[PDB]
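Inspection log for the structure reproduced underneath, given as structure tokens.
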Amino acid sequence: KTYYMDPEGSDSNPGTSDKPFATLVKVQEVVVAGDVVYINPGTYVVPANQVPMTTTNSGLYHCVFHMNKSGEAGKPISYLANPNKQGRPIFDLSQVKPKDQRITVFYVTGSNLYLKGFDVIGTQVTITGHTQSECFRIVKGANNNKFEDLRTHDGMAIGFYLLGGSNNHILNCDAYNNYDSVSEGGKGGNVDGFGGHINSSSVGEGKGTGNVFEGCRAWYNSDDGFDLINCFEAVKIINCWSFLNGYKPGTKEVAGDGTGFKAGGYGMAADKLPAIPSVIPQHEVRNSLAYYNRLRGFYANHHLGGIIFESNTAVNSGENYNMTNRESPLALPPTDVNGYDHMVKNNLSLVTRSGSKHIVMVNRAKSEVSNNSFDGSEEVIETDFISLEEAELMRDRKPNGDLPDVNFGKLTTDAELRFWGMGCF
Ligand SMILES: C[C@@H]1O[C@H](O[C@@H]2[C@H](O)[C@@H](O)[C@H](O)O[C@@H]2C(=O)O)[C@H](O[C@H]2OC(C(=O)O)=C[C@H](O)[C@H]2O)[C@H](O)[C@H]1O
Ligand SMILES: C[C@@H]1O[C@@H](O[C@@H]2[C@H](O)[C@@H](O)[C@@H](O[C@@H]3[C@H](O)[C@@H](O)[C@H](C)O[C@H]3O)O[C@@H]2C(=O)O)[C@H](O)[C@H](O)[C@H]1O
Ligand SMILES: [Ca+2]
Ligand SMILES: [Ca+2]
């Protein structure tokens, strides 16, 4: 019941400790509910000519791994970095460059799956126009899953991209240094760290609800860190950090929208009314940190209703809090109005950077806006913080995947009294 795989392994082997597998394709040929797969640490380079497991959207996508099989309730399938060995499994996909096809590395339709402790790097984009690739894409039917301590970095693909599925828990994952340098002149406008976009086909309790990002970090993603546009059920972002998004990796060169948390929206299309859910979901961002994104930190992103921004810290992220909503009902032309039905509470905002701002575009008559540092009588300053050394945010996680201890953006005990019960620490 416990299978093994290894970069110096063979798919002709039975998949034991002494003689392990070599690819997840063979793994998907055997597994059933309850079984474990220990993925031994090292670099697995996916061959250039490895046939896809499936395709979607009429051959628009090469799907490298179809995570199609399911566990049962209390009996999951578990794909796990081998916990008896140091280091991490790394799937390299630099070589996978199929002709005129988008790439999904993990395409998830199965339920009760548990994926932990490995990396996906080098995911390609070869298409020239409006395109994207994804490391993980999750759709209608993929329920009750867990993705933990998975790192999606140093490629061109979106980290995690949700079009459907229920109660998926994305825990302690990192999505960084991702940038599409090939398509549309290298804008990188489609490459987010984390993307919650539960489509019209996947609504209903048990079908699109209860998806949560938690403990995740998103940095140097060319577009946004986290994005919940075109999201029909409520997604929650808890205890996450989004920083240095909107830039080409390792620089302050302009790429995409550079939002830390784009926590709603259905677009401001001038030509047509966008499709929307009948109940506008109250998304939540909570106990989360935004720092030095290109343009904005915590952003309602033209949402058609309420959002919770509770107990977040925001530092030098352009517009740190922006609550801009689209007017209701849907109307052309698309007109922006002061944010309505929001819960904005217990947040902290440091602005020392040229052009940045504490809050914009909220209606205090129509939203609950209480106990935020930017509304207090005393302005927040650099001395109030124990550290502001940004390299501490890129510290390697604890051995069990939890976010590392950081002094960054944490108040001093003196400052904690003058800003009490404010911020994500
Ligand atoms: C309607 C609104 O447009 C967004 O961005 C615009 C503009 O493109 C950007 O360069 C400027 O700095 O900010 C503007 C703004 O109103 O915020 C952005 O949409 C773009 O990216 C995404 C996305 O990341 O999901 C979706 C759209 O297809 C694309 O045009 C924003 O999310 C959107 O609500
Ligand atoms: C194959 C196409 O898939 C669909 O379109 C999706 C999406 O529904 C559109 O809103 C748009 O989304 C863009 C970016 O692609 C996305 O990364 C970002 C989160 O939001 C918008 O910026 O295009 C998408 C796409 O994959 O092209 C629809 O099913 C289309 O009908 C279909 O052509
Ligand atoms: Ca964009
Ligand atoms: Ca985005």
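Whatever order the structure lists ligands and atoms in, that order sets their numbers, starting from 1. No hydrogens, no waters, no symmetry mates; every other heavy atom, side chains included, goes into these values. FYI, the numbering just counts along the sequence from 1.
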Based purely on interatomic distance, does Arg102 place a nitrogen or oxygen under 3.5 Å from a nitrogen or oxygen of ligand 2? yes
Taking only heavy atoms of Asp224, which atoms of ligand 1 are found under 4.0 Å from at least one of them? 24 (O)
Which bit of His302 is near ligand 1, meaning a heavy atom under 4.0 Å away: side chain, backbone, both or neither? side chain
Of all residues at least two apart in sequence or in a different chain, which pass the ring pair (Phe, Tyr, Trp, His ring centres under 6.0 Å) check with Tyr292? none
Taking distance alone, with no angle check, do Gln132 and ligand 2 share an N/O pair under 3.5 Å? yes
Under 4.0 Å, heavy atoms only, figure out whether ligand 1 is touched by the backbone of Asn230, its side chain, both or neither. neither
Can you tell me which portion of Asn230 lies within the under-4.0 Å heavy-atom range of ligand 2? Options are side chain, backbone, both, or neither. side chain
Does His197 come within less than 4.0 Å of ligand 1, judged by its heavy atoms? no
When you measure from atom 22 (C) of ligand 1 to each heavy atom in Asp257, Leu228, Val191, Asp336, which option holds the nearest one? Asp257
So which of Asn322, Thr259, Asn301 gets nearest to atom 32 (O) of ligand 1, if we judge by its closest heavy atom? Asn301
Ligand 1 contact by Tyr266, heavy-atom criterion under 4.0 angstrom: no
Taking 4.0 Å as the limit for heavy-atom contacts, which would you say applies to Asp192 with ligand 2: side chain only, backbone only, both, or neither? neither
Go through ligand 1 atom by atom and flag the ones less than 4.0 Å from a non-hydrogen atom of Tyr299. 15 (C), 16 (O), 17 (O)
Of the side chain and backbone of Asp223, name the one, both, or neither that has a heavy atom under 4.0 Å from an atom of ligand 1. side chain
Is it the side chain (CB and beyond), the backbone, both or neither of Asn190 that lies under 4.0 Å from ligand 1, heavy atoms counted? neither
Can you tell me which N/O/S atom of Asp257 has the shortest distance to the Ca ion (ligand 3)? OD2
Nitrogen or oxygen atoms of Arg294 and ligand 1 under 3.5 Å apart: no
Is there any N or O on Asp227 that sits under 3.5 Å from an N or O of ligand 2? no
Show the atoms of ligand 1 that are less than 4.0 angstrom away from any heavy atom in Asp227. 23 (C), 24 (O), 25 (O)
